[PDB]
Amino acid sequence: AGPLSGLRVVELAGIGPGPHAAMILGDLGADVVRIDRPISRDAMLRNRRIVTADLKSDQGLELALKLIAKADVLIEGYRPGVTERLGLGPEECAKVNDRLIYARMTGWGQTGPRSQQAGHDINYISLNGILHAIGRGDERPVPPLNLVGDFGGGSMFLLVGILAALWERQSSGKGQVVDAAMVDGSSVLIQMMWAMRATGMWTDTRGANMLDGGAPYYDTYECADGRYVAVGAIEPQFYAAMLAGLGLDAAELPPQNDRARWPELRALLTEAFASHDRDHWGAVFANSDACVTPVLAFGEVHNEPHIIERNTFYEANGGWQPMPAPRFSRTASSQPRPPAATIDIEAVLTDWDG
């Protein structure tokens, strides 16, 4: 029901970014067909049809090619060379479908000294300065889950590449190959820090900057009950609203941006936030511009009113799952269809007319 209704996608079963990108297309209305080796409980595989094929066999290669012959997009996330040796590489695909957006999702890229090397998110972000910048200054870097490599700088860039190439195709009449490497996407994801580095506004010191937990006004605080609030009161007026709620006299504190006294500032705020429960502060700052919010664990998210009101999550069999994003005023997406039984590839071919 979304904006991508009409769009046909072949997804070669992979892990991490590939399936995430395929899920978002499906979310937004795309007809995604995932080819697996010969009924799912991975919510990630919502909004598909699943077929099965041995791509190492003559019959399996031939069917996949018939399916690809009728697709708009192909998603693959294997090592470079893998689809080639299978006979499903870009050059082989062009012979059956020159309108195909051949989307290749990797960590290191299609080429380069590391392109044949195994890796995971933490590796791609360690090589480009990102991982080094995450965590407290007094200890080793901490991975920001696999949000930055696999998803933010991964599947999200594959998607931009895919949708950008479809725009191109409206005038060229032709597809092309999208080489989405997590080491690249994630660097453009963090371009703000690269920009700020050049103007003296970000340093290579972990835990000592405006947005990394270094600023007492941009960090979490432990409250009386061991639970946490997030403070993000960057602007002076929001910061002022923040002090007031805490019952602190501004004239008694160090200036917000005297970094020399940041330890003193943080200590006073720590004492303030520790004096009451997280839910107390959420009540104090409920409607304010203080940029103070309760840090909710996954299990609690479903009870937060702004989360509820906006239907950010739906209940899908044994748990909450995020509704599609972003939102569209005219061609709104449907609630995702759950993973179902595998179906006959020929039936998919029949549907598509292949």
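Numbering starts at 1 and runs along the sequence shown. Heads up, when I say rigid core I mean the largest set of C-alphas that superpose within 1.5 Å between the two forms.
Here the rigid core sets the fit, and in 4 other deposited structures of this protein the C-alphas of 280-288 stray farther than those of the other stretch, out of 125-133 and 280-288. Where residue 318 is followed by residue 319 in the displayed chain, the model omits none of the deposited residues that would sit between the two. As the entry records it, the average C-alpha temperature factor is higher for 54-62, out of 54-62 and 291-299. Out of 251, 234, 100, 268, the entry records its largest CA B-factor for 251. Among all modelled residues in its chain, residue 32 ranks in the lowest third by Cα B-factor. Among the modelled residues of its chain, residue 150 has a C-alpha B-factor that falls in the lowest third, as given in the PDB entry.
Annotation for residue 111: C-alpha temperature factor in the highest third relative to the rest of the modelled chain, per the entry. Ranked against the other modelled residues of its chain, the C-alpha B-factor of residue 261 as given in the entry falls in the middle third.
Annotation for residue 278: CA B-factor lies in the highest third of the chain's modelled residues.
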